[PDB]
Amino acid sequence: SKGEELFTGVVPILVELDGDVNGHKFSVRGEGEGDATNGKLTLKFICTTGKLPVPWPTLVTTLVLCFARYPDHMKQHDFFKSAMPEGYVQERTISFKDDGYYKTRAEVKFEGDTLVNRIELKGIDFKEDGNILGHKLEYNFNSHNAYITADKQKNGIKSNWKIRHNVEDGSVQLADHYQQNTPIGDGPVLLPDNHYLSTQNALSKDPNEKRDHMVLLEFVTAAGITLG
């Protein structure tokens, strides 16, 4: 459609999440900007309720795929930008192996000029001394590929893939992701063919920030389709 025109320059971003994992409630606010031309995301997230009861890397995927870089030969496969500015709904189930699971429902859309990602998270059946609630995961995030497939019977897209969190003891905690997306408005949306998204993340800290926080740089680039 036409909504991809709104991502030609740099777009300010606001992220708001309300969470509840095993009764531990928390809120995260993030602000920054996205550059879809380069597929670049830069944001600083703050835990406004004090101490985050889960590791920051377990929330990376939850805390705006419309800023991915789609190549010119794949512009007709960009579902996320087509649903703008009315936006789309993103629901996920993140099943941590031998531990609890997340269930998130997010609405991303344009509120004025800012791309807003408002999320509701619920954590269930987590072990209080496990890798998540026990803060045993390293402060990093591996590069991974997530294959996207369209779901015609829901007029949206679906994707499932596995995240590997590095544990401080040397082991690896698997976070099994299952994702579905459906648009908010009724305008025309592009249903792509089978492809995947390549993502890279750099997690850092702000020396002047006293609150529990995460500085995030993220690149997301689309691939998987042959050119010719």
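Numbering starts at 1 and follows the sequence shown.
- According to the PDB entry, the deposited sequence runs on from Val54 to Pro55 with no residue lacking coordinates between them.
- Of the two segments examined, 147-155 and 123-131, it is 147-155 that shows the higher average Cα temperature factor in the deposited entry.
- Between 73-81 and 137-145, it is 73-81 that carries the larger average Cα temperature factor according to the deposited entry.
- When the Cα B-factors of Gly23, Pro12, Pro207, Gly19 are read from the PDB record, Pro207 comes out highest.
- In this structure the maximum Cα B-factor among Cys66, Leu43, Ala202, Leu191 is found at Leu191.
- The PDB entry assigns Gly39 a C-alpha temperature factor belonging to the lowest third of its chain's modelled residues.
- When all modelled residues of the chain are sorted by CA temperature factor, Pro183 is found within the middle third.
- Annotation for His195: C-alpha temperature factor in the highest third relative to the rest of the modelled chain, per the entry.
- Sort the modelled residues of the chain by CA B factor and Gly50 lands in the middle third.
- In this PDB entry, the Cα temperature factor of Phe110 sits in the top third of its chain's modelled residues, the highest group.
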